[PDB]
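*Asks:*
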Amino acid sequence: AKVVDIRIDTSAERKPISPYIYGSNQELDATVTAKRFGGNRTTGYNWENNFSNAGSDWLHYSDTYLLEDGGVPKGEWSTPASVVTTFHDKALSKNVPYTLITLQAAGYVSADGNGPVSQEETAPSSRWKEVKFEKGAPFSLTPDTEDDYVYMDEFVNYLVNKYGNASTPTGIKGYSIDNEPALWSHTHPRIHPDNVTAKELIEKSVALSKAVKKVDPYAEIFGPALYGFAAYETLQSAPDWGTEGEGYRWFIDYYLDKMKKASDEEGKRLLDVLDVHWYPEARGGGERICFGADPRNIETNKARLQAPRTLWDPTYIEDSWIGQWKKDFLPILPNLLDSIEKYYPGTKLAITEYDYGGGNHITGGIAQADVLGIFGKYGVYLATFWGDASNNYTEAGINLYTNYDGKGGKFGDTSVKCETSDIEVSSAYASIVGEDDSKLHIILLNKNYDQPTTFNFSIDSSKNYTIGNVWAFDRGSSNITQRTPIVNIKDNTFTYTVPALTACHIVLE
Ligand SMILES: [Ca+2]
Ligand SMILES: [Cl-]
Ligand SMILES: [Zn+2]
Numbered sequence: 007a008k009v010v011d012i013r014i015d016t017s018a019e020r021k022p023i024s025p026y027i028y029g030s031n032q033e034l035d036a037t038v039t040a041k042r043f044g045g046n047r048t049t050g051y052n053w054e055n056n057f058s059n060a061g062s063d064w065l066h067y068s069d070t071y072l073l074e075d076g077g078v079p080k081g082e083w084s085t086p087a088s089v090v091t092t093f094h095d096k097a098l099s100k101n102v103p104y105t106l107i108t109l110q111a112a113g114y115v116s117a118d119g120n121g122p123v124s125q126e127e128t129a130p131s132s133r134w135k136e137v138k139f140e141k142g143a144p145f146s147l148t149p150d151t152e153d154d155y156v157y158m159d160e161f162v163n164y165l166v167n168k169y170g171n172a173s174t175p176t177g178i179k180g181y182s183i184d185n186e187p188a189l190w191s192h193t194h195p196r197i198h199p200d201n202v203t204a205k206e207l208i209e210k211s212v213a214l215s216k217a218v219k220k221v222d223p224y225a226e227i228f229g230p231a232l233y234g235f236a237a238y239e240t241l242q243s244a245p246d247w248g249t250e251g252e253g254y255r256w257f258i259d260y261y262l263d264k265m266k267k268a269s270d271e272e273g274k275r276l277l278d279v280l281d282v283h284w285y286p287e288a289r290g291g292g293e294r295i296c297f298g299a300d301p302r303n304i305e306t307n308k309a310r311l312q313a314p315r316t317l318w319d320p321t322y323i324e325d326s327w328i329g330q331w332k333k334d335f336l337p338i339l340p341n342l343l344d345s346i347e348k349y350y351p352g353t354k355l356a357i358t359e360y361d362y363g364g365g366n367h368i369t370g371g372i373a374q375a376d377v378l379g380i381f382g383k384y385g386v387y388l389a390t391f392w393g394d395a396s397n398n399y400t401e402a403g404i405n406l407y408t409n410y411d412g413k414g415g416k417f418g419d420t421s422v423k424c425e426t427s428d429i430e431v432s433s434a435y436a437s438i439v440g441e442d443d444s445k446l447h448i449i450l451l452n453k454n455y456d457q458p459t460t461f462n463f464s465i466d467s468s469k470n471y472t473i474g475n476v477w478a479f480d481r482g483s484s485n486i487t488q489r490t491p492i493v494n495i496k497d498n499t500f501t502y503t504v505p506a507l508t509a510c511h512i513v514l515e
């Protein structure tokens, strides 16, 4: 039998878990705690008329896709910002406390919904409106659709007028500086044909942040929404990186340092949240764990289970180009957080797109639960999964934290010390509520593929626990079901054997 010791000390290493790590980009069958309006379609979205452009995703079409996909009623298609107000209204109706709205920085937004934009209609042209961050004339709630410009501060003003500012109960809390700027010239060449420079990205980020914060001083600015590691390192070989990056280990440090400098000159914080996208490059069984992975490939599934360790564990070297060539930047979350500490202390960290794959397989659910445990433990502020409602095991992984009992039961909001003797076969995360250890929550993941694992728990707490109720999912179902409670707790010790490939949430009282 495989035997693993779990040691918890409810008084030790206490740290808040940000509530907003359990979010999504799409409409999921899960209770989520943040919603992001972002990704490729948001770069060219025009709040005045709701048109947007597919870019490379579909023939550079300008059309009504976001109206249709967001479920906006036809009677509101010509109402300013109806894509965004439907998106936020839906989030509020689902009791989601954080909405993150992407603002447009690549330079232009769709003028029309008339179909493909030719290369000869690359902006500026009749097919586009130029974005300015500051109107510099009085705002209107009925923006002028006939002129040549779309104003970001006027868009924010419309939202704040409707919902209140970000400090209020219904306000939109965060705005993103566009999406994947190092891919603008690939995804949106008809808006931004040139490869983005580091200098342009800082100039725009600073200017947009200033413009937003004049309207809503409480709103959080997120950037740069980088697509993946090569953008973290060099802004995708940006044309000015050889000069701008002198003395910087990677583009992340340059971005933090320059946003801090601009904030110090301005006299207020202009970057609230360092925002990146992380689609694992980890491979197993001869393929990446996401983007077309075969769920029959057991070696891929095993690699998916271990891949979350690249986020935090210095001993884990994944099979990928990042694991091979970029060891100096792994594990990735401590590297990002260390950069924040060195170059812009107090900046938060968000993972605004990610997907570990296997979302309809038990290993996608276990990996998802592991990732959410890591985000909480290591201090990520906000995270939003990218993927649809067919990812039933990913959704179970989210609900294990946000709604394990179907009536709103949730993981605690204060992380506490919880160590496993075998980080390969298992993960375990523990939390309490506020400062109170009366209820101790434990997420316990058995990564053993084809055998049970016996866990010997030893807990140091101010309480003497007498029952552990249990909810779990497994290969039999992604529905989270209540299991027999743990009852033989002797001096805050117990033994609990869990079947192969099972994810559990234990609630001790
Ligand atoms: Ca206009
Ligand atoms: Cl990018
Ligand atoms: Zn689903």
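In terms of the entry's author numbering, the sequence shown opens at residue 7 and continues consecutively. Backbone N, C-alpha and C fix where the C-beta goes; we use that ideal spot for every residue, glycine too.
How close, in whole Å, do the beta carbons of residue 6 and residue 262 come, if the pair is a contact with beta carbons under 8 Å?
*Replies:* In this structure the chain extends from 7 to 515, so residue 6 is not present and cannot be described.
*Asks:* Rounded to the nearest angstrom, what separates residue 157 and residue 230 at their Cα positions?
*Replies:* On the sequence shown, position 151 is the one that residue 157 refers to. On the sequence shown, position 224 is the one that residue 230 refers to. Cα to Cα, the separation comes out at about 20 Å.
*Asks:* Can you find a heavy atom of ligand 3 that lies under 7 Å from the Cβ of residue 375?
*Replies:* Against the sequence shown, residue 375 aligns to sequence position 369. Outside the cutoff, so no.
*Asks:* Using the Cβ count rule (16 or more neighbours within 10 Å means buried), how would you classify residue 352?
*Replies:* Your numbering for residue 352 matches position 346 in the sequence shown. Residue 352 comes out exposed.
*Asks:* Give the straight-line distance between the Cα atoms of residue 2 and residue 50, rounded to the nearest whole angstrom.
*Replies:* The first residue shown for the chain is 7 and the last is 515, placing residue 2 beyond what the model contains.
*Asks:* Heavy atom of ligand 1 less than 7 Å from the Cβ of residue 557, yes or no?
*Replies:* Since the first and last residues shown for the chain are 7 and 515, residue 557 lies out of range.
*Asks:* Measure how close the beta-carbons of residue 408 and residue 48 come, nearest whole angstrom, since I'm counting them as under 8 Å.
*Replies:* As a working mapping, residue 408 is identified with position 402 in the sequence shown. As a working mapping, residue 48 is identified with position 42 in the sequence shown. About 25 Å; that fails the 8 Å criterion.
*Asks:* How do the region 203-217 and the region 60-69 stand: do at least 3 beta-carbon pairs fall below 8 Å, yes or no?
*Replies:* In short, these stretches do not touch, since the Cβ pair count stays below three.
*Asks:* Check whether the region 386-403 touches the region 318-338, counting contact only when three or more Cβ pairs, one atom from each stretch, lie closer than 8 Å.
*Replies:* The region 386-403, when compared against the region 318-338, does not touch it at the 8 Å Cβ threshold.
*Asks:* What separation, rounded to the nearest whole angstrom, lies between the Cα atoms of residue 485 and residue 505?
*Replies:* Here the question's residue 485 lines up with position 479 in the sequence shown. Here the question's residue 505 lines up with position 499 in the sequence shown. In a straight line, the C-alpha of residue 485 is about 16 Å away from that of residue 505.
*Asks:* Identify every run of the alpha helix (DSSP H) within the region 228-261, keeping only runs that are complete inside it and at least 4 residues long; order them along the chain.
*Replies:* Runs found: 235-240 and 247-250.
*Asks:* Since residue 200 contacts residue 191 with CB under 8 Å, what's their CB separation in whole angstroms?
*Replies:* Translated into the one-based positions of the sequence shown, residue 200 becomes position 194. Translated into the one-based positions of the sequence shown, residue 191 becomes position 185. Right, the Cβ-Cβ distance comes to about 6 Å (below 8 Å), so this counts as a contact.
*Asks:* On the criterion of 16 or more Cβ atoms from any shown chain inside 10 Å, does residue 146 qualify as buried, or is it exposed?
*Replies:* The count along the sequence shown starts at 1 and reaches residue 146 at position 140. Result: exposed.
*Asks:* Ignore the nearest five residues each way along the sequence and tell me which others in residue 405's own chain have a CB closer than 7 Å to its CB.
*Replies:* Position 399 of the sequence shown, counted from the first residue, corresponds to residue 405. Taken in chain order, the residues that qualify are 36, 37 and 486.
*Asks:* Would you mind listing the beta strand (DSSP E) stretches within the region 60-87 that are 3+ residues and don't spill past its ends, in chain order?
*Replies:* The qualifying runs are 67-69.
*Asks:* Pick out every residue whose C-beta is nearer than 6 Å to a heavy atom of ligand 2: which are they, in chain order?
*Replies:* Answer in sequence order: 186, 187, 188, 189, 232, 233 and 237.
*Asks:* Would you call residue 175 buried or exposed, if buried means 16 or more other Cβ atoms sit within 10 Å of its Cβ?
*Replies:* Within the sequence shown, residue 175 is the residue found at index 169, counting from 1. With fewer than 16 Cβ atoms within 10 Å of its Cβ, residue 175 is classed as exposed.
*Asks:* Hey, could you find the ends of the alpha helix (DSSP H) residue 455 is sitting in?
*Replies:* Translated into the one-based positions of the sequence shown, residue 455 becomes position 449. Taken as a continuous stretch (DSSP letters only), residue 455 belongs to no alpha helix (DSSP H), as it is neither H nor E.
*Asks:* Going by C-alpha distance, which of 239, 257, 139 and 166 is nearest residue 215?
*Replies:* Walking along the sequence shown from the start, residue 215 turns up at place 209. For the residues 239, 257, 139 and 166, the minimum Cα distance to residue 215 belongs to 139.
*Asks:* Residue 161 by DSSP, collapsed to three states: which one?
*Replies:* As a working note, residue 161 is residue 155 in the sequence shown. Here residue 161 sits in helix by DSSP.
*Asks:* Once the 5 residues before and after residue 370 are set aside, which same chain residues still bring their CB inside 8 Å of it?
*Replies:* As a first step, residue 370 is located in the sequence shown; it is residue number 364 there, counting from the start. For residue 370, where only same-chain residues beyond five positions count, the Cβ hits under 8 Å are 310, 362, 363, 364, 397, 399, 400 and 403.
*Asks:* Determine the burial state of residue 302: buried for a count of at least 16 other Cβ atoms within 10 Å of its Cβ, exposed for fewer.
*Replies:* Taking the first residue of the sequence shown as position 1, residue 302 is located at position 296. That one is exposed.
*Asks:* With three or more C-beta pairs closer than 8 Å as the rule, is the region 52-64 touching the region 412-430?
*Replies:* Not touching, per the Cβ criterion.
*Asks:* For residue 408, which three-state DSSP category applies?
*Replies:* Within the sequence shown, the letter at position 402 stands for residue 408. Of the three classes helix, strand and coil, the one that applies to residue 408 here is helix, per DSSP.
*Asks:* Would you say the beta carbon of residue 144 is closer than 7 Å to some non-hydrogen atom of ligand 1?
*Replies:* Along the sequence shown, read from residue 1 onward, the residue named residue 144 stands at position 138. No, ligand 1 has no heavy atom inside 7 Å of this Cβ.
*Asks:* Taking 7 Å as the cut-off, does the CB of residue 130 come closer than this to any heavy atom belonging to ligand 1?
*Replies:* By 1-based counting over the sequence shown, the position of residue 130 is 124. Checking the Cβ of residue 130 against ligand 1 gives no.
*Asks:* Mapping the DSSP letters down to three states, classify residue 327 as helix, strand or coil.
*Replies:* Here residue 327 refers to the residue found at position 321 of the sequence shown. Helix, per DSSP.
*Asks:* Fully enclosed by the region 296-383, which alpha helix (DSSP H) runs are 4 residues long or longer?
*Replies:* 304-312, 327-331 and 338-349, all fully within the region 296-383.
*Asks:* What does the shell around ligand 3 hold, if a residue joins when its beta-carbon is under 7 Å from any heavy atom?
*Replies:* Chain-ordered list of matching residues: 34, 35, 395, 396, 397, 398 and 401.
*Asks:* Less than 8 Å between the beta carbons of residue 555 and residue 28, yes or no?
*Replies:* Examination of residue 555 is not possible in this model, given that the chain is present from 7 through 515 alone.
*Asks:* Taking the alpha-carbon positions, what's the residue 260 to residue 349 distance?
*Replies:* Here residue 260 refers to the residue found at position 254 of the sequence shown. Here residue 349 refers to the residue found at position 343 of the sequence shown. Approximately 8 Å, taken between the alpha carbons.
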